């Protein structure tokens, strides 16, 4: 069999989501981006399937990885670079906040630290 890579991880987990793309899709993508190898991805995936088995929704399970899986819990939120604020999805605009110094952890709910030419805007879950 084939161990996981980020792309398949994102496809499997976001399969359980519906509706327009929201910060939950981005949280899935952040979890995939921030893992160090296939082992972290299958930790996150095993936990996700555990939480669905327990009857949690996909959304709850996704947040539950950031809370209960110890690696992702203590992980710096990933950085995305954009040419401007305009290329950040529009629905996120109202929730963007400026970003502190130091640990912008996934456990504390961060998803993306966007990099813009004038500012470093953070998006929470």
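Numbering follows the first chain given and starts at 1.
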Quick one: say whether 9-17 or 102-110 has the higher mean Cα B-factor in the deposited entry.
102-110
Would you determine, from the values in the PDB entry, which of 112-120 and 18-26 has the greater average C-alpha temperature factor?
112-120
Using only the C-alpha B-factors in the record, can you name which of 57, 64, 49, 81 has the highest?
81
Could you check 41, 96, 77, 53 and tell me which one carries the biggest Cα B-factor in the deposited entry?
53
In terms of the chain's CA B-factor thirds, is residue 32 lowest, middle or highest?
lowest
Ranked against its chain, the third holding the CA B-factor of residue 91:
middle
